[PDB]
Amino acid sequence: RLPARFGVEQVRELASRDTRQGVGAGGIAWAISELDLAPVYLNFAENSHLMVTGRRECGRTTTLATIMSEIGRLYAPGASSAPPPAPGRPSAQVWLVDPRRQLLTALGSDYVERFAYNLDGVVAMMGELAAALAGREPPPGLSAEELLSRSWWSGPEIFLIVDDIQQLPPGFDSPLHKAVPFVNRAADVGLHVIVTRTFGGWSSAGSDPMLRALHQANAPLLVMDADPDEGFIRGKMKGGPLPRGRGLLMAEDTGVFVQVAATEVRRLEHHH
């Protein structure tokens, strides 16, 4: 069964030798499964997003750091000042909400288009992001012949990565409300929303429009070390105590235990 630590260098060894179908192979490799000790991916063919939750120091930030490292491996740099990508390569652009500033250097400025650490910064950044996403569709009222001619928007894959979403205001106040309309058609606008939240008060966190939209889109939910007392999370599954880095990867009614690939974060600040 699963080890207490499995490095990202280790999962990459496995990913380069994995040709399994229907698991998102060739994509972001961020964990290994309890079932077969094989890689677990962000299967963008199934879903564009990911939610991660768990109690204090379960490994939420490290999970994002591993995913970001994978983005750097699999994608050409897609920030505005980055060079044109090598032929055949997809491009990735990161929009980072990181209040505790732990993920600022997981990727260089050739990947990170915008990052925000204060509320005003988040509000401003989300406005810019929404404007870019709104442009990713054809002009209205074109003929069939016109629509056939080309792809009408161009640009890199956009990763909206948010650590510690619990620190943001909930409700309609939420700065993330401008990105909500794109969640359901994320694949068509090349959007990926990856968010973490502390497990405390999880069932009462539906009040966040982004978390609600992600649940409505049936995004994968990794429930790391957690408390059964919060009740059922998805279907008949409750959260439970787990070693650090380990989580129950939930769909709607089913789940599988995984061990998240570890990577270094110089930056870890827990406010002890």
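Each residue number is its position in the shown sequence, starting from 1.
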Per the PDB record, is the mean Cα temperature factor higher over 234 to 242 or over 205 to 213?
-> 205 to 213
Averaging only over Cα atoms, indicate whether 79 to 87 or 164 to 172 has the higher B-factor in the PDB entry.
-> 164 to 172
Looking at 136, 197, 192, 150, which has the highest CA B-factor as recorded?
-> 150
Sort 65, 35, 219, 223 by C-alpha B-factor from the entry and give me just the highest.
-> 35
Third of the chain's Cα B-factor distribution that residue 254 belongs to, per the entry = highest
Comparing against every modelled residue in the chain, figure out the third that the C-alpha B-factor of residue 99 lands in (lowest, middle or highest).
-> middle
Within this chain's modelled residues, let me know which third the CA B factor of residue 71 belongs to: lowest, middle or highest.
-> lowest
With respect to C-alpha B-factor, does residue 146 fall in the lowest, middle or highest third of the chain as deposited?
-> highest
When the modelled residues of the chain are sorted by Cα temperature factor, does residue 123 land in the lowest, middle or highest third?
-> highest
